[PDB]
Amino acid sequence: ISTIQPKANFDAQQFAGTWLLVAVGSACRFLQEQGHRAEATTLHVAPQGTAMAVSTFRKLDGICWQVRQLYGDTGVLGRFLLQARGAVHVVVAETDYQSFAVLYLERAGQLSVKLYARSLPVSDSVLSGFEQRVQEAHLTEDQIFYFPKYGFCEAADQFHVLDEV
């Protein structure tokens, strides 16, 4: 279990809308092997209470899916609990709300760092900043995984939506 700082006055309303997944910093089983298999991933965030409704749209087996999660209130502005074995702790670490965002997630005591953007090209200084941040998050330059830059799902399709909510 590990703890660092959320966005000062983190503002769910400013952070709302669509984000594009650019890179994951992690070491899970999956991301080393089936690495070459990352699908283009789009996050849709909307405020709901001190929680946050989060839709993720992506292909399974070449159909667009939509996963509906709930980034529930930790009681700390900026931290979010999510939940299969594990407990997901989300941290909004860094973000202008207009271009990029850096998220952390802890599960079964283990960190992962996510980088999102409103559009590509992302900036390189932003890529650097996130690289710099992972190499102090204690994961290696080989443990960064850059996701696709095209292939993003439009809308999921009523039959094909996961409703973890």
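Start at 1 with the first residue shown and count on from there.
Peer 1: On mean Cα temperature factor in this entry, is 153 to 161 or 8 to 16 the higher one?
Peer 2: Higher mean C-alpha B-factor in the PDB entry: 153 to 161.
Peer 1: Decide which of the stretches 28 to 36 and 45 to 53 has the higher mean C-alpha B-factor, going by the entry.
Peer 2: Going by the record's values, the stretch with the higher mean is 28 to 36.
Peer 1: Based on what the PDB entry reports, which of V67, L139, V102, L120 has the top C-alpha B-factor?
Peer 2: Out of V67, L139, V102, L120, the record gives the largest C-alpha B-factor to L139.
Peer 1: Could you tell me which third, lowest, middle or highest, the C-alpha B-factor of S112 occupies within its chain?
Peer 2: It belongs to the middle third of the chain when residues are ordered by C-alpha B-factor.
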